[PDB]
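Given next are two forms of a protein chain, the same chain in both, each as structure tokens and marked structure 1 or structure 2.
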Structure 1
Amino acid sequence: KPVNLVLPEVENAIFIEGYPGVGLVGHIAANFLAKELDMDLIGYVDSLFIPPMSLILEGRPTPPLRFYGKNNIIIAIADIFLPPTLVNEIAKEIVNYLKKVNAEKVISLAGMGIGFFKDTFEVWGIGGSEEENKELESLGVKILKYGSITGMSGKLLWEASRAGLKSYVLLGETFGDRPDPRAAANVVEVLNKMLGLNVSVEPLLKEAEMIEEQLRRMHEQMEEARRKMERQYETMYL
């Protein structure tokens, strides 16, 4: 067997997947939820085809593909992109596990790279069947009419619905070229409504401001430093 899921059964699990993707939208959202709900590391994906590494998080070695849990919610995180065939093999194992445990919901978190000059960033959605499309509509999420969703999200959407599970994908609009905690927040907001979780997305919006403030400040200091050096060169040498 190329891929082994090492993951305890969690009956009627709500499974949320945020693999790396455009904007890191899914990934930031999933990681934020795992943190804010004080989830434990409950399992991981094991395969010879996952390249050798340990991530170190709060001084604990963790594998690159892992599962976090707090009673009934599982969150699936990855820190690497993976080749297509391996993704498919992992998706197979995940869907087997979700059938086994009669998972209540299968939710994939994703990003949609969508220009620069858009006023507000929406969250789009798609459901396994018309029933799930209706649910998403009733949380005021725009349903995606035409498109493609590649990667784990796209495969889970199809595979999980085909196995009779209620499956969804949320796609936060983002620039498409950078980590975007704001778009992740939009997605986490939709997830609050969907699951009644009441997690504040403030720390996420704070994080975004602090990054942008830091960038502005570093650019200021860089340019101020070269202007000082030019003025200094001229007074010394003209």
Structure 2
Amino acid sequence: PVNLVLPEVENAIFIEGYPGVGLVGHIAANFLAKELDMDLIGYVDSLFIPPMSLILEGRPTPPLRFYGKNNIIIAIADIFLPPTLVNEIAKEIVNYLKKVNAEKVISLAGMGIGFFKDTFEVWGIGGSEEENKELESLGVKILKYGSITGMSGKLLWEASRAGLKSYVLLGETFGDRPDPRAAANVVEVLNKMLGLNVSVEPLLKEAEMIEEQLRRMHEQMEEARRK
């Protein structure tokens, strides 16, 4: 039902940013793939993904794709998929990551707070206490109580169950709109965590434009959620 077309990357750092609240993970992951100059290395293939190519820089691309450079893989989705299919995809991802002895599984997500703050924060959660301690060492606050739905929640749990080091970074956000500023906050933490130096200035500079170009996608996603 789902096939991963994805070469083995030994000791992969796997970063997942599927669509979710504020599109925080989606914006962050797309920004990182582009800024780190990643190649398209694979995709998810299923009869249950609706028929489509996205054209990006004059190249056809499938809607669920993996970008790669060196030991880093970033997973992106341009459609918000139904729950059973998310579970099937998570299961294949975890089998892959087990197989290659992934070093880290990091989900990028949003946390809808329902009101404005002058400084939106980033929370973290780890798949075991060891990963919580790593996050605390980086000055990330640990989420104590709450819920993480969707691919990010499923991966956190399943990857940890498979004995992998798993994390979620959650950018606080309004809850009602695409939020490239929250995405920028998440990227800055990911930078610290992986020792990368990706500047988020281009993201903050285009925040208004990105908010506009993704407003329909966000609308699409919210409609699909409430089924």
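Numbers follow structure 1, counted from its first residue as 1. Take the two forms, superpose them, and find the largest set of C-alpha atoms that agree within 1.5 Å; that set is the rigid core.
Residue showing a CA shift of 2 Å or more between the two structures (rigid core superposed; candidates 40, 36, 213, 46): 213.
Annotation for residue 223: C-alpha shift of 2 angstroms or more between the two structures, rigid core superposed.
Look at residue 177: with the core superposed, its C-alpha moves 1.3 Å between the two structures.
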